[PDB]
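Coordinates as given in target09.cif (mmCIF, C-alpha atoms and all ligand atoms):
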data_protein
#
loop_
_atom_site.group_PDB
_atom_site.id
_atom_site.type_symbol
_atom_site.label_atom_id
_atom_site.label_comp_id
_atom_site.auth_asym_id
_atom_site.auth_seq_id
_atom_site.Cartn_x
_atom_site.Cartn_y
_atom_site.Cartn_z
ATOM 1 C CA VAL P 1 -29.103 13.260 -5.688
ATOM 2 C CA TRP P 2 -25.449 12.622 -4.877
ATOM 3 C CA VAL P 3 -25.201 8.953 -5.891
ATOM 4 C CA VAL P 4 -26.069 9.568 -9.551
ATOM 5 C CA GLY P 5 -23.229 12.058 -9.971
ATOM 6 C CA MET P 6 -20.278 10.446 -8.195
ATOM 7 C CA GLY P 7 -20.499 7.478 -10.554
ATOM 8 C CA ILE P 8 -19.500 9.806 -13.386
ATOM 9 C CA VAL P 9 -16.294 10.833 -11.597
ATOM 10 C CA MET P 10 -15.558 7.212 -10.689
ATOM 11 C CA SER P 11 -16.011 6.385 -14.385
ATOM 12 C CA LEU P 12 -13.600 9.067 -15.630
ATOM 13 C CA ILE P 13 -10.992 7.906 -13.114
ATOM 14 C CA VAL P 14 -11.162 4.358 -14.499
ATOM 15 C CA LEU P 15 -11.172 5.569 -18.106
ATOM 16 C CA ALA P 16 -8.078 7.742 -17.654
ATOM 17 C CA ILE P 17 -6.195 5.073 -15.689
ATOM 18 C CA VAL P 18 -6.858 2.472 -18.387
ATOM 19 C CA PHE P 19 -6.185 4.765 -21.352
ATOM 20 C CA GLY P 20 -2.849 6.172 -20.191
ATOM 21 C CA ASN P 21 -1.313 2.779 -19.459
ATOM 22 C CA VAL P 22 -2.720 1.217 -22.638
ATOM 23 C CA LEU P 23 -1.256 4.040 -24.729
ATOM 24 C CA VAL P 24 2.140 3.750 -23.018
ATOM 25 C CA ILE P 25 2.305 -0.027 -23.498
ATOM 26 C CA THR P 26 1.217 0.193 -27.141
ATOM 27 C CA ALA P 27 3.774 2.921 -27.873
ATOM 28 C CA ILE P 28 6.587 0.927 -26.260
ATOM 29 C CA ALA P 29 5.658 -2.323 -28.016
ATOM 30 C CA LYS P 30 4.937 -0.993 -31.507
ATOM 31 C CA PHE P 31 8.024 1.144 -32.159
ATOM 32 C CA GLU P 32 11.611 -0.110 -32.231
ATOM 33 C CA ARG P 33 13.215 3.210 -31.269
ATOM 34 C CA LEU P 34 11.631 3.227 -27.806
ATOM 35 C CA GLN P 35 12.915 -0.194 -26.743
ATOM 36 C CA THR P 36 15.724 0.298 -24.224
ATOM 37 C CA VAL P 37 17.021 -1.378 -21.049
ATOM 38 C CA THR P 38 15.607 1.466 -18.932
ATOM 39 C CA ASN P 39 12.181 1.335 -20.611
ATOM 40 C CA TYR P 40 11.477 -2.176 -19.288
ATOM 41 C CA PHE P 41 10.824 -0.851 -15.775
ATOM 42 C CA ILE P 42 8.317 1.607 -17.242
ATOM 43 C CA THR P 43 6.648 -1.323 -19.022
ATOM 44 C CA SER P 44 6.366 -3.236 -15.739
ATOM 45 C CA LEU P 45 4.954 -0.178 -13.957
ATOM 46 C CA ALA P 46 2.424 0.393 -16.746
ATOM 47 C CA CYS P 47 1.338 -3.254 -16.604
ATOM 48 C CA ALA P 48 0.892 -3.067 -12.825
ATOM 49 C CA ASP P 49 -1.142 0.142 -13.103
ATOM 50 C CA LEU P 50 -3.258 -1.400 -15.874
ATOM 51 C CA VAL P 51 -4.014 -4.431 -13.695
ATOM 52 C CA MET P 52 -4.933 -2.099 -10.829
ATOM 53 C CA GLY P 53 -7.268 -0.073 -13.037
ATOM 54 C CA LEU P 54 -9.032 -3.114 -14.475
ATOM 55 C CA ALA P 55 -9.320 -5.062 -11.209
ATOM 56 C CA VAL P 56 -9.273 -3.012 -8.011
ATOM 57 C CA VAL P 57 -11.103 0.269 -8.689
ATOM 58 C CA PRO P 58 -14.253 -1.000 -10.505
ATOM 59 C CA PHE P 59 -15.169 -3.461 -7.741
ATOM 60 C CA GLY P 60 -14.435 -0.992 -4.949
ATOM 61 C CA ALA P 61 -16.665 1.559 -6.666
ATOM 62 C CA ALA P 62 -19.576 -0.893 -6.691
ATOM 63 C CA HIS P 63 -18.873 -1.841 -3.070
ATOM 64 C CA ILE P 64 -18.973 1.796 -1.947
ATOM 65 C CA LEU P 65 -21.989 2.831 -4.033
ATOM 66 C CA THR P 66 -24.161 -0.217 -3.311
ATOM 67 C CA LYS P 67 -22.886 -0.377 0.322
ATOM 68 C CA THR P 68 -23.110 -4.191 0.042
ATOM 69 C CA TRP P 69 -20.831 -6.839 -1.456
ATOM 70 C CA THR P 70 -23.007 -8.921 -3.776
ATOM 71 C CA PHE P 71 -20.266 -11.476 -4.437
ATOM 72 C CA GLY P 72 -18.949 -14.111 -2.061
ATOM 73 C CA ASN P 73 -16.176 -14.050 0.512
ATOM 74 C CA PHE P 74 -13.696 -15.748 -1.831
ATOM 75 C CA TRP P 75 -13.886 -12.872 -4.310
ATOM 76 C CA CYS P 76 -13.439 -10.402 -1.439
ATOM 77 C CA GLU P 77 -10.236 -12.160 -0.356
ATOM 78 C CA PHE P 78 -8.971 -12.334 -3.943
ATOM 79 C CA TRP P 79 -9.717 -8.634 -4.484
ATOM 80 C CA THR P 80 -7.831 -7.655 -1.327
ATOM 81 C CA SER P 81 -4.844 -9.770 -2.378
ATOM 82 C CA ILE P 82 -4.801 -8.236 -5.871
ATOM 83 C CA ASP P 83 -4.967 -4.715 -4.433
ATOM 84 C CA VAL P 84 -2.025 -5.290 -2.081
ATOM 85 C CA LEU P 85 -0.046 -6.966 -4.880
ATOM 86 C CA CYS P 86 -0.509 -4.094 -7.329
ATOM 87 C CA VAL P 87 0.261 -1.366 -4.780
ATOM 88 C CA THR P 88 3.501 -2.906 -3.530
ATOM 89 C CA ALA P 89 4.624 -3.831 -7.055
ATOM 90 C CA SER P 90 4.159 -0.247 -8.254
ATOM 91 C CA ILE P 91 6.076 1.224 -5.312
ATOM 92 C CA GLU P 92 8.969 -1.225 -5.701
ATOM 93 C CA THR P 93 9.131 -0.474 -9.436
ATOM 94 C CA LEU P 94 9.441 3.236 -8.630
ATOM 95 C CA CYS P 95 12.298 2.439 -6.239
ATOM 96 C CA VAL P 96 14.041 0.360 -8.925
ATOM 97 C CA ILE P 97 13.760 3.231 -11.415
ATOM 98 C CA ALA P 98 15.296 5.624 -8.883
ATOM 99 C CA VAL P 99 18.201 3.244 -8.206
ATOM 100 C CA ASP P 100 18.742 2.887 -11.960
ATOM 101 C CA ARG P 101 18.986 6.663 -12.341
ATOM 102 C CA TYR P 102 21.446 6.824 -9.435
ATOM 103 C CA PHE P 103 23.733 4.221 -11.015
ATOM 104 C CA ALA P 104 23.454 5.941 -14.399
ATOM 105 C CA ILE P 105 24.463 9.346 -13.032
ATOM 106 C CA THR P 106 27.102 8.392 -10.461
ATOM 107 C CA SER P 107 29.283 5.986 -12.495
ATOM 108 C CA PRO P 108 29.016 6.711 -16.228
ATOM 109 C CA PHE P 109 31.949 4.593 -17.434
ATOM 110 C CA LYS P 110 30.824 1.228 -16.022
ATOM 111 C CA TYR P 111 27.071 1.869 -16.281
ATOM 112 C CA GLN P 112 26.753 -0.451 -19.285
ATOM 113 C CA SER P 113 28.504 -3.335 -17.516
ATOM 114 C CA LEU P 114 26.213 -3.354 -14.473
ATOM 115 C CA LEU P 115 22.896 -3.320 -16.364
ATOM 116 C CA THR P 116 22.295 -5.558 -19.384
ATOM 117 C CA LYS P 117 19.265 -7.006 -21.139
ATOM 118 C CA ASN P 118 19.838 -10.163 -19.080
ATOM 119 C CA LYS P 119 19.753 -8.764 -15.541
ATOM 120 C CA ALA P 120 16.700 -6.552 -16.135
ATOM 121 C CA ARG P 121 14.539 -9.590 -16.367
ATOM 122 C CA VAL P 122 15.953 -11.050 -13.187
ATOM 123 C CA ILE P 123 15.415 -7.773 -11.322
ATOM 124 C CA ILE P 124 11.815 -7.446 -12.537
ATOM 125 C CA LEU P 125 11.054 -11.074 -11.671
ATOM 126 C CA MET P 126 12.521 -10.760 -8.170
ATOM 127 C CA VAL P 127 10.567 -7.545 -7.561
ATOM 128 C CA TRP P 128 7.312 -9.186 -8.642
ATOM 129 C CA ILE P 129 8.038 -12.315 -6.582
ATOM 130 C CA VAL P 130 8.703 -10.239 -3.455
ATOM 131 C CA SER P 131 5.489 -8.335 -4.189
ATOM 132 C CA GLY P 132 3.569 -11.603 -4.520
ATOM 133 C CA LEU P 133 4.911 -13.186 -1.336
ATOM 134 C CA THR P 134 3.751 -10.385 0.968
ATOM 135 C CA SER P 135 0.235 -10.254 -0.483
ATOM 136 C CA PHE P 136 -1.084 -13.692 -1.432
ATOM 137 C CA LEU P 137 0.637 -15.958 1.103
ATOM 138 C CA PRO P 138 -0.475 -14.142 4.310
ATOM 139 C CA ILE P 139 -3.981 -13.243 3.155
ATOM 140 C CA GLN P 140 -5.020 -16.506 1.496
ATOM 141 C CA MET P 141 -3.712 -18.598 4.408
ATOM 142 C CA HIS P 142 -5.810 -16.509 6.853
ATOM 143 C CA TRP P 143 -2.734 -15.449 8.832
ATOM 144 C CA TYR P 144 -3.813 -11.789 8.997
ATOM 145 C CA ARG P 145 -7.224 -12.265 10.638
ATOM 146 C CA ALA P 146 -8.049 -10.185 13.710
ATOM 147 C CA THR P 147 -9.368 -11.397 17.075
ATOM 148 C CA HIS P 148 -12.063 -9.077 18.452
ATOM 149 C CA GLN P 149 -15.790 -9.753 18.171
ATOM 150 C CA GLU P 150 -16.489 -7.151 15.474
ATOM 151 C CA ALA P 151 -13.877 -8.734 13.201
ATOM 152 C CA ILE P 152 -15.378 -12.180 13.833
ATOM 153 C CA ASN P 153 -18.825 -10.889 12.867
ATOM 154 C CA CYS P 154 -17.403 -9.245 9.737
ATOM 155 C CA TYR P 155 -15.607 -12.426 8.648
ATOM 156 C CA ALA P 156 -18.608 -14.661 9.389
ATOM 157 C CA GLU P 157 -21.035 -12.551 7.352
ATOM 158 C CA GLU P 158 -21.050 -13.168 3.597
ATOM 159 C CA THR P 159 -22.353 -9.694 2.682
ATOM 160 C CA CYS P 160 -19.810 -7.246 4.172
ATOM 161 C CA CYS P 161 -16.232 -7.101 2.846
ATOM 162 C CA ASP P 162 -14.263 -4.786 5.142
ATOM 163 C CA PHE P 163 -10.568 -4.820 5.996
ATOM 164 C CA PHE P 164 -9.661 -5.942 9.519
ATOM 165 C CA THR P 165 -5.984 -6.719 10.065
ATOM 166 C CA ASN P 166 -3.663 -7.828 12.839
ATOM 167 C CA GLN P 167 -1.078 -5.393 14.179
ATOM 168 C CA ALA P 168 1.980 -7.410 13.141
ATOM 169 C CA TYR P 169 0.809 -7.847 9.547
ATOM 170 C CA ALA P 170 -0.051 -4.154 9.222
ATOM 171 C CA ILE P 171 3.351 -3.040 10.515
ATOM 172 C CA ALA P 172 5.285 -5.581 8.439
ATOM 173 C CA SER P 173 3.413 -4.636 5.265
ATOM 174 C CA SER P 174 3.904 -0.929 5.989
ATOM 175 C CA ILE P 175 7.701 -1.156 6.236
ATOM 176 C CA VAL P 176 8.037 -3.721 3.440
ATOM 177 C CA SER P 177 5.970 -1.621 1.018
ATOM 178 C CA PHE P 178 6.544 2.078 1.750
ATOM 179 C CA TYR P 179 9.239 3.256 4.155
ATOM 180 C CA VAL P 180 12.329 1.438 2.830
ATOM 181 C CA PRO P 181 11.705 2.564 -0.791
ATOM 182 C CA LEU P 182 11.082 6.084 0.534
ATOM 183 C CA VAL P 183 14.458 6.187 2.295
ATOM 184 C CA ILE P 184 16.226 4.691 -0.729
ATOM 185 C CA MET P 185 14.656 7.228 -3.102
ATOM 186 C CA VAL P 186 15.469 10.127 -0.764
ATOM 187 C CA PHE P 187 19.145 9.152 -0.557
ATOM 188 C CA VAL P 188 19.368 8.527 -4.314
ATOM 189 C CA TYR P 189 17.804 11.842 -5.288
ATOM 190 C CA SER P 190 19.868 13.802 -2.759
ATOM 191 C CA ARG P 191 23.063 12.377 -4.259
ATOM 192 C CA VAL P 192 21.858 13.036 -7.819
ATOM 193 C CA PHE P 193 20.932 16.642 -7.011
ATOM 194 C CA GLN P 194 24.314 17.246 -5.374
ATOM 195 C CA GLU P 195 26.123 15.889 -8.444
ATOM 196 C CA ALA P 196 24.008 18.065 -10.749
ATOM 197 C CA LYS P 197 24.795 21.142 -8.648
ATOM 198 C CA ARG P 198 28.513 20.347 -8.803
ATOM 199 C CA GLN P 199 28.429 20.010 -12.597
ATOM 200 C CA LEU P 200 26.420 23.220 -13.004
ATOM 201 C CA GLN P 201 28.964 25.107 -10.894
ATOM 202 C CA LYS P 202 31.839 23.572 -12.869
ATOM 203 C CA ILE P 203 30.396 24.780 -16.187
ATOM 204 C CA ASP P 204 30.112 28.377 -14.958
ATOM 205 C CA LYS P 205 33.634 28.125 -13.528
ATOM 206 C CA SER P 206 34.920 28.282 -17.132
ATOM 207 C CA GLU P 207 32.133 29.860 -19.201
ATOM 208 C CA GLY P 208 32.730 33.297 -17.704
ATOM 209 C CA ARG P 209 30.742 35.345 -20.207
ATOM 210 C CA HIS P 210 17.304 25.904 -10.646
ATOM 211 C CA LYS P 211 16.391 23.684 -13.594
ATOM 212 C CA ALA P 212 16.796 20.352 -11.783
ATOM 213 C CA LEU P 213 14.857 21.673 -8.778
ATOM 214 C CA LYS P 214 11.487 21.442 -10.536
ATOM 215 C CA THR P 215 12.262 18.034 -12.058
ATOM 216 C CA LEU P 216 13.211 16.533 -8.692
ATOM 217 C CA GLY P 217 10.403 18.320 -6.855
ATOM 218 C CA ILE P 218 7.580 17.099 -9.086
ATOM 219 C CA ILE P 219 8.722 13.468 -8.924
ATOM 220 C CA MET P 220 9.280 13.475 -5.163
ATOM 221 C CA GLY P 221 6.251 15.541 -4.164
ATOM 222 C CA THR P 222 3.676 13.691 -6.252
ATOM 223 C CA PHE P 223 4.610 10.312 -4.763
ATOM 224 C CA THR P 224 5.001 11.652 -1.220
ATOM 225 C CA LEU P 225 1.734 13.607 -1.133
ATOM 226 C CA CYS P 226 -0.185 10.781 -2.808
ATOM 227 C CA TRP P 227 0.960 7.846 -0.684
ATOM 228 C CA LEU P 228 2.353 9.154 2.626
ATOM 229 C CA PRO P 229 -0.948 10.155 4.351
ATOM 230 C CA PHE P 230 -2.358 6.629 3.967
ATOM 231 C CA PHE P 231 0.673 4.876 5.480
ATOM 232 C CA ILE P 232 0.399 7.033 8.598
ATOM 233 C CA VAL P 233 -3.204 6.213 9.482
ATOM 234 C CA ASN P 234 -2.490 2.579 8.533
ATOM 235 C CA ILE P 235 -0.356 2.268 11.672
ATOM 236 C CA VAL P 236 -2.178 4.854 13.799
ATOM 237 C CA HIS P 237 -5.579 3.140 13.556
ATOM 238 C CA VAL P 238 -3.976 -0.187 14.463
ATOM 239 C CA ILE P 239 -2.152 1.171 17.517
ATOM 240 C CA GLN P 240 -5.065 3.343 18.698
ATOM 241 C CA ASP P 241 -8.575 2.131 17.909
ATOM 242 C CA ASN P 242 -10.523 5.287 18.761
ATOM 243 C CA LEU P 243 -8.462 7.807 16.794
ATOM 244 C CA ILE P 244 -9.100 6.940 13.133
ATOM 245 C CA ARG P 245 -12.567 6.534 11.645
ATOM 246 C CA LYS P 246 -13.278 4.177 8.755
ATOM 247 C CA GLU P 247 -14.486 6.866 6.326
ATOM 248 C CA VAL P 248 -11.256 8.890 6.534
ATOM 249 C CA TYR P 249 -9.301 5.668 6.041
ATOM 250 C CA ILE P 250 -11.243 4.800 2.877
ATOM 251 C CA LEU P 251 -10.931 8.356 1.545
ATOM 252 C CA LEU P 252 -7.152 8.385 2.027
ATOM 253 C CA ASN P 253 -6.853 4.919 0.477
ATOM 254 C CA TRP P 254 -8.763 6.115 -2.590
ATOM 255 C CA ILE P 255 -6.510 9.179 -2.799
ATOM 256 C CA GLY P 256 -3.594 6.746 -2.872
ATOM 257 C CA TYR P 257 -5.138 4.934 -5.845
ATOM 258 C CA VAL P 258 -5.092 8.011 -8.102
ATOM 259 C CA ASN P 259 -1.270 8.094 -8.113
ATOM 260 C CA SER P 260 -1.308 5.390 -10.804
ATOM 261 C CA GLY P 261 -2.990 7.798 -13.222
ATOM 262 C CA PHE P 262 -0.288 10.459 -12.889
ATOM 263 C CA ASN P 263 2.597 8.061 -13.612
ATOM 264 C CA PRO P 264 2.564 8.288 -17.458
ATOM 265 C CA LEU P 265 2.634 12.093 -17.323
ATOM 266 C CA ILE P 266 5.574 12.100 -14.899
ATOM 267 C CA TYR P 267 7.674 9.371 -16.508
ATOM 268 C CA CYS P 268 6.683 9.503 -20.220
ATOM 269 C CA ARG P 269 7.344 12.987 -21.604
ATOM 270 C CA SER P 270 10.469 12.571 -23.761
ATOM 271 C CA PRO P 271 10.391 13.844 -27.370
ATOM 272 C CA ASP P 272 10.705 10.254 -28.605
ATOM 273 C CA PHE P 273 7.581 9.339 -26.630
ATOM 274 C CA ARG P 274 5.800 12.393 -28.045
ATOM 275 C CA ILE P 275 6.711 11.328 -31.589
ATOM 276 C CA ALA P 276 5.504 7.791 -30.861
ATOM 277 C CA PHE P 277 2.181 9.095 -29.531
ATOM 278 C CA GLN P 278 1.775 11.384 -32.549
ATOM 279 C CA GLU P 279 2.422 8.505 -34.956
ATOM 280 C CA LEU P 280 -0.190 6.366 -33.184
ATOM 281 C CA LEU P 281 -3.046 8.766 -33.969
HETATM 282 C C1 LIG H 1 -8.099 -2.100 2.103
HETATM 283 N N1 LIG H 1 -7.031 -1.738 1.147
HETATM 284 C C2 LIG H 1 -5.650 -2.172 1.508
HETATM 285 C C3 LIG H 1 -5.477 -2.417 3.025
HETATM 286 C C4 LIG H 1 -4.004 -2.594 3.521
HETATM 287 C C5 LIG H 1 -2.865 -2.334 2.519
HETATM 288 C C6 LIG H 1 -3.118 -1.641 1.316
HETATM 289 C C7 LIG H 1 -2.032 -1.433 0.438
HETATM 290 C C8 LIG H 1 -0.748 -1.870 0.710
HETATM 291 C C9 LIG H 1 -0.442 -2.560 1.894
HETATM 292 O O1 LIG H 1 0.777 -3.003 2.205
HETATM 293 C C10 LIG H 1 -1.533 -2.796 2.822
HETATM 294 O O2 LIG H 1 -1.297 -3.442 3.953
HETATM 295 C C11 LIG H 1 -4.556 -1.156 1.011
HETATM 296 O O3 LIG H 1 -4.727 -0.999 -0.364
#
Render the structure in this file as C-alpha cells.
Ligand SMILES: CN[C@@H]1CCc2c(ccc(O)c2O)[C@H]1O
Amino acid sequence: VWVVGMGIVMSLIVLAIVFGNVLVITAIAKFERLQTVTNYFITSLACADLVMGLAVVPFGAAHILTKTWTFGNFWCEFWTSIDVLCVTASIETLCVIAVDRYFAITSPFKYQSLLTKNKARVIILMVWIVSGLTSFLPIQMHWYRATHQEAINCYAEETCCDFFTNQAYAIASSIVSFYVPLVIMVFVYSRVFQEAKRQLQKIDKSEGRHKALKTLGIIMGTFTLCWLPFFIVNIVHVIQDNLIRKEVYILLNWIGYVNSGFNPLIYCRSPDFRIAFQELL
C-alpha cells in the first residue's frame, strides 16, 4: 500500500536530476555565446550531478525497496566508491566556484591574468584527482573495513550491502569533503558581502536625490541545510554507537542527494541561459 507509491516519487527525483543536468550541458555545448572560463566549473558540476543521477540513486532505490541486494559484493563496493566520488567532487566544485567569485570581485584589474583557459583545466583535473584518491583507493583496497562481529557478518554475506566504516576513515573523509570547503565558502562570501555593502554605501554617498542579502542567503542556506545534517551524524554515530539509528542515517543521506537537483536553478538563471533554453525548445 506504501511500496507502490514511493516508487513514483523516487522516479520523479531521478527524472528531474537527469533532465536538469542534461539541459544545462546541452545548452553550454551547443551555443557559442555561453562558453566562458567561468562556465567550465558549471560544466564539471553538471557532469558530476549527471553521473550521480544515473549511477547512485537508481541502485539505492532498488536496494531500499527490495530490502535485498540482488547483485554481488563487487558491485556494492563499486557503487559505494562512485557515490563517495560524486559527492566529494560536487562539493569541491562548489568551493572552486566560490573562490572564483571571490577573486573576480576582490581584484578586478588582474582577474584576467590569474585565470585563463589553460589553468581551468589544471584546476578541474586536480579537483577530480583529489576526489578520486579519497574514494577509490581506500575503499577498493579494503582499508576502511570495520572490526566488530556485526561488520564481519555483513561483509561475509553476499546479500546485504550496508555501510560499515572505521573511525579514522569516517573522520578523514568528513574533513576532506565538507568542513574545509564550508569554511572557505563562509570566508569568501563574508568578504564579498562586505565589499558589496561598501560599494552600495559609496553610491548613495554621491547620488543624494538588501538586494545581495537574498542572493547570498539562497546559495548559502540551500547547501548548508541540504548537506550539514548528514555530516553531523556521520561522526556522531561513529563516536557513539547507541545514539544514531540506521534509518535516520539513510534518510539524512537521501536528503543530501537531492541537493544535486537544485543546482541548475541556483547557478543557471542568467538571461543568456534563459535565451539558450528558449532556443532549444
Ligand atoms: C553510504 N553512503 C556514503 C557513506 C559515507 C560517505 C558518503 C559521502 C561522502 C563521504 O565522504 C562519506 O564518507 C555517503 O554518501
Exercise for the section: Starting from the displayed file, determine the output of the PyMOL selection byres (((chain P and resi 146) around 12) and not hetatm) and express the residue list as a ChimeraX atom specification. Expected result: /P:139,142-145,147-155,162-170,238
Practice task
Kindly work out which residues sit at most 10 Å from ligand LIG 1 (chain H), using only C-alpha atoms and all ligand atoms, and give the list as a PyMOL selection string.
Solution key: chain P and resi 56+60+79-89+91+131+134-135+161-165+169-178+227+230-231+234-235+249-250+252-254+256-257
Exercise for the section: For stretch 180-188 of chain P, list every protein, DNA or RNA residue within 9 Å, evaluated using only C-alpha atoms, and leave out those in the same chain fewer than 2 positions away; present the list as a PyMOL selection string. Expected result: chain P and resi 91-92+94-96+98-99+101-102+175-178+190-193+220+224
Exercise for the section: Check which residues satisfy the PyMOL selection byres (((chain P and resi 47) around 10) and not hetatm) in the file shown, then give them as a PyMOL selection string. Expected result: chain P and resi 21-22+24-25+41-46+48-53+86+90
Store the residues picked out above in a file with C-alpha atoms, as a compact mmCIF listing (two decimals), in the coordinates of the input.
# COMPACT_ATOMS: atom_id res chain seq x y z
CA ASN P 21 -1.31 2.78 -19.46
CA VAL P 22 -2.72 1.22 -22.64
CA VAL P 24 2.14 3.75 -23.02
CA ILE P 25 2.31 -0.03 -23.50
CA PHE P 41 10.82 -0.85 -15.78
CA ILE P 42 8.32 1.61 -17.24
CA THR P 43 6.65 -1.32 -19.02
CA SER P 44 6.37 -3.24 -15.74
CA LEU P 45 4.95 -0.18 -13.96
CA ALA P 46 2.42 0.39 -16.75
CA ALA P 48 0.89 -3.07 -12.82
CA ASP P 49 -1.14 0.14 -13.10
CA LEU P 50 -3.26 -1.40 -15.87
CA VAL P 51 -4.01 -4.43 -13.70
CA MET P 52 -4.93 -2.10 -10.83
CA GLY P 53 -7.27 -0.07 -13.04
CA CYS P 86 -0.51 -4.09 -7.33
CA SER P 90 4.16 -0.25 -8.25
Practice task
Find the spatial neighbours of residue P:61, counting only C-alpha atoms, within a cut-off of 12 Å - ignore same-chain residues fewer than 3 positions away - and output them as an MDAnalysis selection string.
Solution key: chainID P and resid 3 6:11 13:14 53:58 64:69 250 254
Practice task
Translate the PyMOL selection byres (((chain P and resi 26-38) around 10) and not hetatm), as applied to the file shown, into an explicit residue set as a ChimeraX atom specification.
Solution key: /P:21-25,39-43,97,100-101,112,115-121,272-280
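Going from atom CA of residue P:210 to atom CA of residue P:229 covers 28.4 Å.
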Let me have the centre and edge lengths in Å, one decimal, of the box along x, y and z around every listed atom of stretch 182-192 of chain P with 4 Å of margin on each side, as AutoDock Vina command-line options.
--center_x 17.1 --center_y 9.2 --center_z -2.8 --size_x 20.0 --size_y 17.1 --size_z 18.1
Practice task
Grab the atom CA of residue P:219 to atom CA of residue P:233 distance for me, in Å with one decimal place.
Solution key: 23.1 Å
Problem - Distance criterion (all atoms listed in the file): nearest to residue P:19 out of P:194, P:261, P:158, P:269 - result: P:261
Completion exercise
One decimal place gives the atom CA of residue P:264-atom CA of residue P:20 separation as 6.4 Å
Write stretch 242-261 of chain P as an mmCIF file, in the coordinates of the input, completed to N, CA and C atoms.
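Saved result, rebuild.cif, follows:
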data_model
loop_
_atom_site.group_PDB
_atom_site.id
_atom_site.type_symbol
_atom_site.label_atom_id
_atom_site.label_comp_id
_atom_site.auth_asym_id
_atom_site.auth_seq_id
_atom_site.Cartn_x
_atom_site.Cartn_y
_atom_site.Cartn_z
ATOM 1 N N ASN P 242 -9.523 4.224 18.746
ATOM 2 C CA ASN P 242 -10.523 5.287 18.761
ATOM 3 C C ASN P 242 -10.184 6.404 17.781
ATOM 4 N N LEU P 243 -8.895 6.594 17.483
ATOM 5 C CA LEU P 243 -8.462 7.807 16.794
ATOM 6 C C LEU P 243 -9.026 7.906 15.380
ATOM 7 N N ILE P 244 -8.856 6.865 14.570
ATOM 8 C CA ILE P 244 -9.100 6.940 13.133
ATOM 9 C C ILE P 244 -10.451 6.313 12.821
ATOM 10 N N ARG P 245 -11.298 7.063 12.121
ATOM 11 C CA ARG P 245 -12.567 6.534 11.645
ATOM 12 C C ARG P 245 -12.376 5.788 10.328
ATOM 13 N N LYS P 246 -13.382 4.991 9.963
ATOM 14 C CA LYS P 246 -13.278 4.177 8.755
ATOM 15 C C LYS P 246 -13.381 5.029 7.494
ATOM 16 N N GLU P 247 -14.239 6.049 7.509
ATOM 17 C CA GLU P 247 -14.486 6.866 6.326
ATOM 18 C C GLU P 247 -13.230 7.602 5.875
ATOM 19 N N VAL P 248 -12.496 8.178 6.826
ATOM 20 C CA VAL P 248 -11.256 8.890 6.534
ATOM 21 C C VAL P 248 -10.247 7.905 5.960
ATOM 22 N N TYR P 249 -10.209 6.700 6.531
ATOM 23 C CA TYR P 249 -9.301 5.668 6.041
ATOM 24 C C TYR P 249 -9.594 5.331 4.582
ATOM 25 N N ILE P 250 -10.871 5.127 4.252
ATOM 26 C CA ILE P 250 -11.243 4.800 2.877
ATOM 27 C C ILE P 250 -10.920 5.959 1.942
ATOM 28 N N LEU P 251 -11.189 7.190 2.383
ATOM 29 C CA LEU P 251 -10.931 8.356 1.545
ATOM 30 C C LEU P 251 -9.442 8.492 1.238
ATOM 31 N N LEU P 252 -8.592 8.316 2.253
ATOM 32 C CA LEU P 252 -7.152 8.385 2.027
ATOM 33 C C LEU P 252 -6.675 7.246 1.135
ATOM 34 N N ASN P 253 -7.225 6.044 1.328
ATOM 35 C CA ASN P 253 -6.853 4.919 0.477
ATOM 36 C C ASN P 253 -7.209 5.194 -0.978
ATOM 37 N N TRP P 254 -8.375 5.795 -1.220
ATOM 38 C CA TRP P 254 -8.763 6.115 -2.590
ATOM 39 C C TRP P 254 -7.929 7.252 -3.165
ATOM 40 N N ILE P 255 -7.473 8.185 -2.325
ATOM 41 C CA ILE P 255 -6.510 9.179 -2.799
ATOM 42 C C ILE P 255 -5.219 8.498 -3.233
ATOM 43 N N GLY P 256 -4.793 7.475 -2.490
ATOM 44 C CA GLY P 256 -3.594 6.746 -2.872
ATOM 45 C C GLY P 256 -3.717 6.038 -4.207
ATOM 46 N N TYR P 257 -4.936 5.644 -4.584
ATOM 47 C CA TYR P 257 -5.138 4.934 -5.845
ATOM 48 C C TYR P 257 -4.830 5.822 -7.044
ATOM 49 N N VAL P 258 -5.180 7.108 -6.958
ATOM 50 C CA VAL P 258 -5.092 8.011 -8.102
ATOM 51 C C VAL P 258 -3.657 8.183 -8.589
ATOM 52 N N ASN P 259 -2.668 7.907 -7.734
ATOM 53 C CA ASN P 259 -1.270 8.094 -8.113
ATOM 54 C C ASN P 259 -0.875 7.259 -9.325
ATOM 55 N N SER P 260 -1.596 6.172 -9.607
ATOM 56 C CA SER P 260 -1.308 5.390 -10.804
ATOM 57 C C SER P 260 -1.618 6.170 -12.074
ATOM 58 N N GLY P 261 -2.638 7.030 -12.039
ATOM 59 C CA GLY P 261 -2.990 7.798 -13.222
ATOM 60 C C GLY P 261 -1.934 8.814 -13.613
#
